[PDB]
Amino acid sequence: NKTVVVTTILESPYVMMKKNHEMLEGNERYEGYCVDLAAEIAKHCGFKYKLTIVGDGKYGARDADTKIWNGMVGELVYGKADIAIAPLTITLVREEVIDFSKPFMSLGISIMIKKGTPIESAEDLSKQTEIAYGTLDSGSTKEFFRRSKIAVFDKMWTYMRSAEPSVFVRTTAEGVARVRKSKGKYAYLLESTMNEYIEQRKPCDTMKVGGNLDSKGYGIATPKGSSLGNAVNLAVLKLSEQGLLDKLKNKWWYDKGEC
């Protein structure tokens, strides 16, 4: 019996620092959907755990050339963490190196715009040039475009990869701030979950437009062949069927809505 090392990321409303975290210790310093989920997964699987924020603040991508994985995926692949409980997207390239539980939350790539922006779809973005658009560095959303075969998406990637100054951002907050401060000249491509969350946060000046570009979900990840895999997957199913996952999404997304 050993304390499970949990890697996660500071991303609202999944994991956030508590107001007086400086006066708290260990897992008590954090709050959010994934903090709540972590406690439940651990309780049902019967293990003690320690939440740790991923060092490089990234989700996970493999550097072409160096072939080294960064972010939470990296912490799992190189043995720094035993499990990842965060808004980590299930993708083929990742499932080839780590294991994923069935999804605990659904999402799709979506468009965030400053209210009033002349955009209603991805096709709209790909057909104009006045409004710039980008995605998060090191994420599944960037990969989606980099490897998309679909016309509208291949065209969009071609623009984004060559846009100057860079249309990519280091963090979701950076993307959101760019939308809010660009007077409608910047649209941000991000997962519906984050988009929906920000839409219910003051100043209530952003909006999700159009339908989602794809359909996927977040899963709890473990190193390939881990002993925790089975139990965690069963826990996710149990918690999903008992309605806890829905309860947690409402608690962190809409129950505390500010708009």
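Heads up: residue numbers just count along the shown sequence, starting at 1.
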- Query: Between 74-82 and 102-110, which has the higher average C-alpha B-factor in the PDB entry?
  - Reply: 74-82
- Between the two ranges 165-173 and 113-121, the one averaging a larger CA B factor in the entry: 113-121
- Note on the structure: Reading the B-factor column for Cα atoms of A64, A221, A39, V54, the highest value belongs to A64
- Of the residues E241, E11, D246, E22, the one carrying the largest Cα B-factor as recorded: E22
- Please place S215 in the lowest, middle or highest third of its chain by C-alpha B factor as given in the entry. middle
- Among modelled residues of the same chain, the CA temperature factor third for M156: highest
- Query: In terms of the chain's CA B-factor thirds, is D205 lowest, middle or highest?
  - Reply: highest
- Query: Is the Cα B-factor recorded for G225 in the lowest, middle or highest third of its chain?
  - Reply: highest
- Task: Select lowest, middle or highest to describe the third in which the CA B-factor of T135 falls within its chain in this entry.
- Result: middle
